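run11.cif (mmCIF, C-alpha atoms and all ligand atoms) appears below.
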data_entry
loop_
_atom_site.label_atom_id
_atom_site.label_comp_id
_atom_site.auth_asym_id
_atom_site.auth_seq_id
_atom_site.Cartn_x
_atom_site.Cartn_y
_atom_site.Cartn_z
CA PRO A 1 155.82 87.56 63.39
CA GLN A 2 154.37 88.61 66.71
CA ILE A 3 151.96 91.53 66.39
CA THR A 4 151.16 93.52 69.53
CA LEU A 5 147.82 95.23 70.13
CA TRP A 6 148.46 98.60 71.78
CA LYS A 7 148.36 100.05 68.30
CA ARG A 8 146.18 98.79 65.45
CA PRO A 9 147.58 95.60 63.93
CA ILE A 10 148.24 97.17 60.53
CA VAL A 11 150.33 95.20 58.10
CA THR A 12 151.42 95.32 54.48
CA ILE A 13 149.56 93.10 52.03
CA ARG A 14 150.01 92.51 48.30
CA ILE A 15 147.13 92.21 45.84
CA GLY A 16 146.75 92.87 42.12
CA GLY A 17 150.44 93.73 41.89
CA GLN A 18 150.05 96.52 44.47
CA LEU A 19 151.11 96.91 48.13
CA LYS A 20 148.48 98.15 50.58
CA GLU A 21 147.95 98.40 54.30
CA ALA A 22 145.29 96.33 56.03
CA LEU A 23 143.99 95.62 59.53
CA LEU A 24 144.41 92.10 60.87
CA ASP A 25 140.89 91.60 62.19
CA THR A 26 139.95 88.55 64.27
CA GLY A 27 136.40 89.88 64.59
CA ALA A 28 135.72 89.68 60.87
CA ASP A 29 134.75 86.33 59.33
CA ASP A 30 135.80 87.50 55.88
CA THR A 31 138.33 89.80 54.26
CA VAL A 32 136.95 93.11 52.97
CA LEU A 33 138.92 95.67 50.99
CA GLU A 34 137.95 99.23 50.24
CA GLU A 35 136.76 99.88 46.69
CA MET A 36 139.18 98.63 44.04
CA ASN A 37 139.36 96.61 40.82
CA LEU A 38 139.84 92.87 40.67
CA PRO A 39 139.67 90.68 37.63
CA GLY A 40 136.87 88.42 36.48
CA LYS A 41 133.51 87.47 37.91
CA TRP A 42 132.05 88.57 41.24
CA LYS A 43 128.87 87.73 43.17
CA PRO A 44 127.12 90.30 45.38
CA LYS A 45 127.20 89.54 49.11
CA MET A 46 125.75 91.01 52.25
CA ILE A 47 127.88 91.46 55.33
CA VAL A 48 126.87 92.68 58.81
CA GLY A 49 128.88 95.02 60.93
CA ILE A 50 128.24 97.55 63.61
CA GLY A 51 125.94 100.04 61.92
CA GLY A 52 124.19 97.33 59.91
CA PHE A 53 124.27 95.54 56.56
CA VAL A 54 126.65 96.37 53.73
CA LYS A 55 126.47 95.10 50.13
CA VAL A 56 129.84 94.05 48.76
CA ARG A 57 131.25 92.19 45.76
CA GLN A 58 132.76 88.79 46.45
CA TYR A 59 135.74 87.74 44.31
CA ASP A 60 136.86 84.15 44.56
CA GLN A 61 140.35 82.71 44.11
CA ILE A 62 142.22 86.02 44.39
CA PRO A 63 146.01 85.80 44.75
CA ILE A 64 147.08 87.74 47.84
CA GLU A 65 150.03 88.06 50.21
CA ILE A 66 149.95 89.08 53.89
CA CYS A 67 153.30 89.99 55.49
CA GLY A 68 155.16 87.75 53.13
CA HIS A 69 152.60 84.93 53.46
CA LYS A 70 151.09 83.93 50.13
CA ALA A 71 147.56 82.69 49.65
CA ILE A 72 144.66 82.46 47.26
CA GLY A 73 141.37 83.36 48.80
CA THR A 74 138.04 85.05 48.71
CA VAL A 75 138.18 88.83 48.90
CA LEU A 76 135.11 91.06 49.27
CA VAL A 77 135.26 94.62 47.93
CA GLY A 78 132.95 97.42 49.01
CA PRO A 79 132.48 100.47 51.24
CA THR A 80 134.46 99.69 54.35
CA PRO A 81 136.37 102.45 56.15
CA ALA A 82 139.41 100.18 56.43
CA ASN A 83 141.06 97.34 54.55
CA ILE A 84 140.37 94.29 56.70
CA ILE A 85 142.01 90.86 56.75
CA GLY A 86 139.47 88.44 58.25
CA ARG A 87 139.54 84.91 59.54
CA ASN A 88 139.38 83.27 56.10
CA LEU A 89 142.95 84.41 55.48
CA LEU A 90 144.23 84.69 59.04
CA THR A 91 143.64 80.96 59.57
CA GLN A 92 145.31 80.14 56.25
CA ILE A 93 148.54 81.92 57.21
CA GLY A 94 148.59 80.28 60.65
CA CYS A 95 147.52 83.22 62.79
CA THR A 96 146.56 82.59 66.43
CA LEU A 97 145.77 84.86 69.38
CA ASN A 98 147.99 84.24 72.40
CA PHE A 99 147.88 85.37 76.00
CA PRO B 1 145.69 80.36 76.08
CA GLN B 2 146.21 80.00 72.39
CA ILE B 3 143.09 80.77 70.41
CA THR B 4 142.89 79.53 66.83
CA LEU B 5 140.87 81.29 64.14
CA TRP B 6 139.14 78.73 61.96
CA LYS B 7 136.15 79.39 64.18
CA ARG B 8 135.20 82.70 65.83
CA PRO B 9 137.44 83.40 68.82
CA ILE B 10 134.58 83.37 71.31
CA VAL B 11 135.48 83.29 74.96
CA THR B 12 133.81 83.62 78.35
CA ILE B 13 133.94 86.97 80.14
CA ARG B 14 132.65 88.07 83.53
CA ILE B 15 131.09 91.46 84.10
CA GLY B 16 128.66 92.65 86.75
CA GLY B 17 128.67 89.24 88.40
CA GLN B 18 127.48 87.52 85.20
CA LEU B 19 129.21 85.29 82.62
CA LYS B 20 128.72 86.15 78.96
CA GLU B 21 130.28 85.19 75.68
CA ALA B 22 132.30 87.73 73.69
CA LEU B 23 134.34 87.93 70.49
CA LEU B 24 138.04 88.68 70.81
CA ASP B 25 138.26 91.38 68.14
CA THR B 26 141.70 92.70 67.11
CA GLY B 27 139.91 95.04 64.67
CA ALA B 28 137.91 96.89 67.33
CA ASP B 29 139.78 99.69 69.10
CA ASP B 30 137.33 99.47 71.97
CA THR B 31 135.16 96.95 73.78
CA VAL B 32 131.43 97.13 73.06
CA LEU B 33 128.76 94.99 74.69
CA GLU B 34 125.15 94.51 73.64
CA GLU B 35 122.59 96.40 75.68
CA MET B 36 122.95 95.86 79.39
CA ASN B 37 122.73 97.91 82.58
CA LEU B 38 125.97 98.85 84.32
CA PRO B 39 126.54 100.77 87.57
CA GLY B 40 126.91 104.51 87.60
CA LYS B 41 127.42 107.28 85.11
CA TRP B 42 128.19 107.26 81.39
CA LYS B 43 129.16 109.57 78.53
CA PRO B 44 127.76 109.08 75.04
CA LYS B 45 130.29 108.19 72.32
CA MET B 46 130.17 107.52 68.61
CA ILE B 47 131.94 104.56 67.06
CA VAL B 48 132.34 103.73 63.37
CA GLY B 49 131.94 100.31 61.89
CA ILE B 50 131.55 98.86 58.44
CA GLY B 51 127.90 99.99 58.13
CA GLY B 52 128.43 103.45 59.63
CA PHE B 53 128.27 105.37 62.89
CA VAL B 54 126.72 104.06 66.09
CA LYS B 55 125.93 105.93 69.32
CA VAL B 56 126.95 104.13 72.48
CA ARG B 57 127.30 104.69 76.23
CA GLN B 58 130.80 104.77 77.65
CA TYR B 59 131.25 103.41 81.19
CA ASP B 60 134.68 103.93 82.66
CA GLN B 61 136.47 101.78 85.25
CA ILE B 62 134.25 98.71 84.85
CA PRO B 63 135.56 95.58 86.56
CA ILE B 64 135.77 92.79 83.99
CA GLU B 65 137.37 89.35 83.53
CA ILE B 66 138.30 87.91 80.16
CA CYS B 67 138.97 84.22 80.07
CA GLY B 68 140.36 84.17 83.60
CA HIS B 69 142.25 87.49 83.30
CA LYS B 70 141.00 90.36 85.47
CA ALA B 71 140.98 94.01 84.54
CA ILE B 72 139.24 97.31 85.06
CA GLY B 73 138.56 99.30 81.92
CA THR B 74 136.31 101.21 79.61
CA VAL B 75 133.30 99.30 78.28
CA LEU B 76 130.83 100.68 75.75
CA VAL B 77 127.23 99.50 75.61
CA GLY B 78 125.04 99.86 72.53
CA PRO B 79 123.32 98.10 69.62
CA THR B 80 126.06 95.73 68.47
CA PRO B 81 125.23 92.36 66.91
CA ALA B 82 127.92 90.72 69.08
CA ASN B 83 129.73 91.23 72.37
CA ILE B 84 133.22 92.36 71.39
CA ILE B 85 136.44 92.64 73.36
CA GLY B 86 138.62 95.27 71.71
CA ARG B 87 142.21 96.35 71.88
CA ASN B 88 141.78 98.32 75.12
CA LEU B 89 141.35 95.05 76.99
CA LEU B 90 143.19 92.70 74.69
CA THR B 91 146.41 94.66 75.20
CA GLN B 92 145.88 94.73 78.99
CA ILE B 93 145.68 90.93 79.33
CA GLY B 94 148.70 90.57 77.06
CA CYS B 95 147.10 89.40 73.83
CA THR B 96 149.24 89.23 70.71
CA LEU B 97 148.67 87.85 67.20
CA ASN B 98 151.22 85.28 66.12
CA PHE B 99 152.01 83.53 62.87
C1 LIG C 101 131.22 93.93 64.17
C2 LIG C 101 132.19 92.76 64.16
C3 LIG C 101 131.53 91.52 64.75
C4 LIG C 101 132.63 92.47 62.73
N1 LIG C 101 133.35 93.63 62.21
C5 LIG C 101 134.78 93.46 62.41
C6 LIG C 101 135.20 94.43 63.49
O1 LIG C 101 136.48 93.99 63.91
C7 LIG C 101 135.18 95.86 62.94
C8 LIG C 101 136.25 96.10 61.87
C9 LIG C 101 136.25 97.53 61.38
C10 LIG C 101 137.43 98.27 61.43
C11 LIG C 101 137.45 99.58 60.95
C12 LIG C 101 136.29 100.16 60.42
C13 LIG C 101 135.12 99.41 60.35
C14 LIG C 101 135.10 98.08 60.82
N2 LIG C 101 135.42 96.83 63.97
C15 LIG C 101 134.49 97.59 64.52
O2 LIG C 101 133.30 97.45 64.39
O3 LIG C 101 135.01 98.70 65.31
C16 LIG C 101 134.16 99.15 66.34
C17 LIG C 101 134.01 98.04 67.36
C18 LIG C 101 134.41 98.67 68.68
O4 LIG C 101 135.24 99.78 68.37
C19 LIG C 101 134.86 100.28 67.08
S1 LIG C 101 132.97 94.01 60.67
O5 LIG C 101 133.78 95.10 60.19
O6 LIG C 101 131.63 94.49 60.71
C20 LIG C 101 133.10 92.80 59.62
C21 LIG C 101 132.11 91.84 59.55
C22 LIG C 101 132.16 90.83 58.59
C23 LIG C 101 133.22 90.78 57.71
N3 LIG C 101 133.27 89.78 56.82
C24 LIG C 101 134.19 91.77 57.71
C25 LIG C 101 134.12 92.77 58.67
#

Starting from the file, lay out its structure as structure tokens.
Ligand SMILES: CC(C)CN(C[C@@H](O)[C@H](Cc1ccccc1)NC(=O)O[C@H]1CCOC1)S(=O)(=O)c1ccc(N)cc1
Amino acid sequence: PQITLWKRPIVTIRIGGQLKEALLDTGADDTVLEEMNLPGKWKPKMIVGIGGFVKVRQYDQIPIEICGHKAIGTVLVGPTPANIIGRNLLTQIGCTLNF
Amino acid sequence: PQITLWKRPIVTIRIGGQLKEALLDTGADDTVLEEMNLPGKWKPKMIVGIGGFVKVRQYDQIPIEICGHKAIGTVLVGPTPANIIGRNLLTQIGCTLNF
């Protein structure tokens, strides 16, 4: 699709057999989801945003779908105020910025 | 242009007669630049990011150019780890996300 930017680029994603809303975020290297459960082993990671450093759990090889586009990727979980789809997945599904 | 996302979508902007690099950030409602001096008067504002709330200065009607595209808009200045161009300007210059 083409996603315009006068409103937040919120889309529907699928993870862990559930549908959620997430922000398509070109300014995030990595994908971060608000607190939830994911299966198996996770490493702790540090990310930096505005406001400073946040400790999150990194899950590898997580099946996920973003507007009908399927992928398996790394997904960080922790205290973010918004589900965020970052460049690791945006590139995978072929997303570009155009003007 | 078309800007791909396997690397950070960093572009050249012009503001206050200087060229700087900035992140095209679909996940930022607003444009925030690292500390700099800008003409005239400013209101304080609070923004939220992944690590919490940050106090910034809001300058209105700032002439700016983003990758060859000229505009006048709101620009916030504050302690951000990166120059970021948010949806206020991205929409103006006709940015979309496409996949
Ligand atoms: C600070 C930039 C460079 C990186 N952030 C992405 C930005 O798009 C960030 C996304 C966000 C949306 C909603 C709530 C909180 C954060 N928006 C942001 O700060 O909104 C400010 C900027 C102006 O208006 C408000 S990030 O969240 O810290 C980030 C960093 C690393 C990873 N792996 C994931 C996310």

Residues within 9 Å of ligand LIG 101 (chain C), counting only C-alpha atoms and all ligand atoms: report them as a PyMOL selection string. (chain A and resi 23-32+46-54+76+80-88) or (chain B and resi 23-32+46-52+54+76+80-87)

Distance of atom CA of residue A:14 from atom CA of residue A:1, expressed in Å to one decimal place: 16.9 Å

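The space separating atom CA of residue A:34 from atom CA of residue B:55 comes to 23.5 Å.
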
Shortest interatomic distance to residue A:10 - which of A:89, A:59, A:66, A:78, counting only C-alpha atoms: A:66

Residue list as a PyMOL selection string for point (141.8, 78.5, 64.5), cut-off 12 Å, only C-alpha atoms: (chain A and resi 26+29+86-98) or (chain B and resi 2-10+97-99)

Applying 6 Å and all atoms listed in the file, which residues near residue B:56 remain after dropping the ones on its own chain fewer than 5 positions away? List them as a ChimeraX atom specification. /B:44-45,77-78

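The interatomic distance for the pair atom CA of residue B:60 and atom CA of residue B:12 works out to 20.8 Å.
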
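If all atoms listed in the file are the atoms counted, then among B:38, B:33, B:19, B:13 the closest residue to chain A is B:33.
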